[PDB]
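So for the sequence shown, PDB author numbering puts the first residue at 25; every next one is plus one.
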Amino acid sequence: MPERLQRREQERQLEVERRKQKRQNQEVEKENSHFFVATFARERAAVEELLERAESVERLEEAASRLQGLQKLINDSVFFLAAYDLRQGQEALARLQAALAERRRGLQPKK
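If you want it as structure tokens, here you go:
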């Protein structure tokens, strides 16, 4: 805990002048795609475990709200995510949706 005036970091800030010689800063946005893959992969996994912990229709109905919230994550950055990743995050929820319907058919009554 030195509590001093760290102004030396501003001398190194001049290194940004080197980035100006490369392509446009619009490509720096491509580093945020990794965040989406992280948060999405972590979220999909939690929903995939909730439906397994469920014992009755009550917990099953709760898992249907978790999957509906995960589609909203892509809806925020939809125009940012490529056709590859957009289609991936959308269809990925459908993959886990089957794991719920496979338990639902044995939980809820049949015709």
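Backbone N, C-alpha and C define an ideal beta-carbon position, used for all residues, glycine too.
Are the segment 35-52 and the segment 81-99 touching by the rule of at least three beta carbon pairs closer than 8 angstroms? no
How is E85 classed by DSSP in three states: helix, strand or coil? helix
Pick out whichever of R128, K134, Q34 and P26 has its Cα sitting closest to the Cα of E82. When only C-alpha atoms are compared, the closest one is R128.
Rounded separation between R68 and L94 - CA only: 7 angstroms
Please classify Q48: does DSSP put it in a helix, a strand, or coil? coil
Return helix, strand or coil for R32, following the three-state DSSP convention. In this structure, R32 counts as coil in the three-state DSSP scheme.
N56 to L105, Cα distance in whole Å? Going by the C-alpha atoms only, they are around 10 angstroms apart.
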